[PDB]
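Down below is the structure, laid out as C-alpha cells.
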2 protein chains.
Amino acid sequence: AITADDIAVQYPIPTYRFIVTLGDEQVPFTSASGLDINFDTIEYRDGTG
Amino acid sequence: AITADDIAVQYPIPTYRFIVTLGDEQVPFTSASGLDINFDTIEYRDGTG
C-alpha cells in the first residue's frame, strides 16, 4: 500500500532515464559522467595550535 | 480419400531417410545433428528510451 503517487515524492530516482539538451537541441546520449562540484582547500597553522 | 501424390506435397517429412554426400562421395551415416544458423545480438540504449 504505497500508492505510486507517493513513489514520485519519496523514492530515489534511477540513472537510466536522462535527456541531454546540448545548446538549443536535444541530442540522445548513452552515458554522461563527470558533473562534479570540486573545491580546493587552503590551510594555515601557527605555533599556538 | 487422400491420394498419396498429395501426401508428397502437403504432409511433413520424417527424419529417418537421408543421404549424406560427403565431398564427392556418399557415406552412410546413422545420425546427423547440429546444422544450425545462429546469429549474435547487438544492442544499444540511449537515455531517451
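Numbers for the structure displayed
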read-out: Among (1) within 12 Å of chain B (Cβ to nearest Cβ); (2) free of Cβ contacts under 8 Å to residues at least 12 places away in the same chain, the one test that A:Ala8 misses; value: (1)
read-out: Selected residue (only one of A:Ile37, A:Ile13 is in a loop (DSSP other than H, G, I, E, B), over 13 Å from B:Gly47 (Cα atoms), within 14 Å of chain B (Cβ to nearest Cβ) and within 14 Å of the chain's Cα centre (by Cα)); value: A:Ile13
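Positions of Cβ are backbone-derived with ideal geometry, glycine not excepted, and every protein chain shown enters the neighbour counts. Every number in this text was worked out from the coordinates using simple rules, so none of it is lab data.
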